[PDB]
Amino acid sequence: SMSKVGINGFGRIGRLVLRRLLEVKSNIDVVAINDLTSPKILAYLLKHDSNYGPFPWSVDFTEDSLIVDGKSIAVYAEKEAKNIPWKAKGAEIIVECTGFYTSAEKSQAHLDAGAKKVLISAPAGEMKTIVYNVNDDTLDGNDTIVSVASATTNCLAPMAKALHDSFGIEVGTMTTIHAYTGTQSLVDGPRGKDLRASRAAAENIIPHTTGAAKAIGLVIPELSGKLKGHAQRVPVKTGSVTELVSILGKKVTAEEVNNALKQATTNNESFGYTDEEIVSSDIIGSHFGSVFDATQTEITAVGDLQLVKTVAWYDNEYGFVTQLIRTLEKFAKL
């Protein structure tokens, strides 16, 4: 069993990866970290978190390492993945969280740099892409580079799966009202080519493209090409919600849709259920990838024309991370 892990990109997602690993007392062992800064700065960011608060374990550092819960972790500072000295500590599986290696072509650099497998924390083109407890059974021993898609995908997928299986989804469109992230702007200024991303993220509702629905065929093959959607990025720091409007393959009531979602969430560590009147901050630190909200279910019908709107919460930082880590633990034991 491959127990030894490297994290590339010790950011929002990367830091939480470590946090979650120590929280579930995993046999997986983080032996090296690569970013662009000093151990001092990484230690400060790891110790102090604006969203989840103080790190639950001891954090200290050296000129070339972090010391977390008494255990030493090497820190490297290589912009180019192929130069990361992963063999020095035996980093076997790389959790790729930088945002700059989101393809097989790009992420294979880690293999050149001496790692064995790569798990990418973002969509990454047409490669094996896993949403745990939806399609993790498609994983095998020959998968060497894998994607876990976006938080949004981990939110949409299990909801869509439940619907697909119970009723059919003949066509649908998704809007996620999504917390702001590092790809957006603090103040109005250039942010590559996306004009909207240029705008101050905490002062606006900002429409934003996402591939979650578009590329859903990678997770649920039978819905391939049948979903579209987008994001409205809004001023909350983490916690998001996905709405899916579907034409289903069967006439339904709200109760029928809600019972089917309940069943699919039963005995399911990835996919939660609620009928409580919750709001976005209640999902912060969720250990699910998705939490279906029965109180938002809505059936609109005129004769035989039926629209069905299903809604699910997700903590796009930690909740997602819990999915990444479930996927990682299975990856390592193949």
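Note that residue numbering follows the sequence shown and begins at 1.
- Once the C-alpha B-factors are averaged per stretch, 224-232 and 249-257 rank with 249-257 first.
- Averaged over their C-alpha atoms, the temperature factors of 109-117 and 258-266 are higher for 258-266.
- When the C-alpha B-factors of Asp35, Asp49, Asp29, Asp293 are ranked from the entry, the top spot goes to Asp29.
- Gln306: CA B factor lies in the highest third for its chain, per the PDB record.
- In this PDB entry, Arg199 carries a Cα temperature factor that places it within the lowest third of its chain's modelled residues.
- Sort the chain's modelled residues by C-alpha temperature factor and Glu126 lands in the highest third, per the entry.
- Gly285 sits in the lowest third of its chain by CA B factor, as recorded in the PDB entry.
- Per-chain ranking of the deposited C-alpha B factor places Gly182 in the lowest third.
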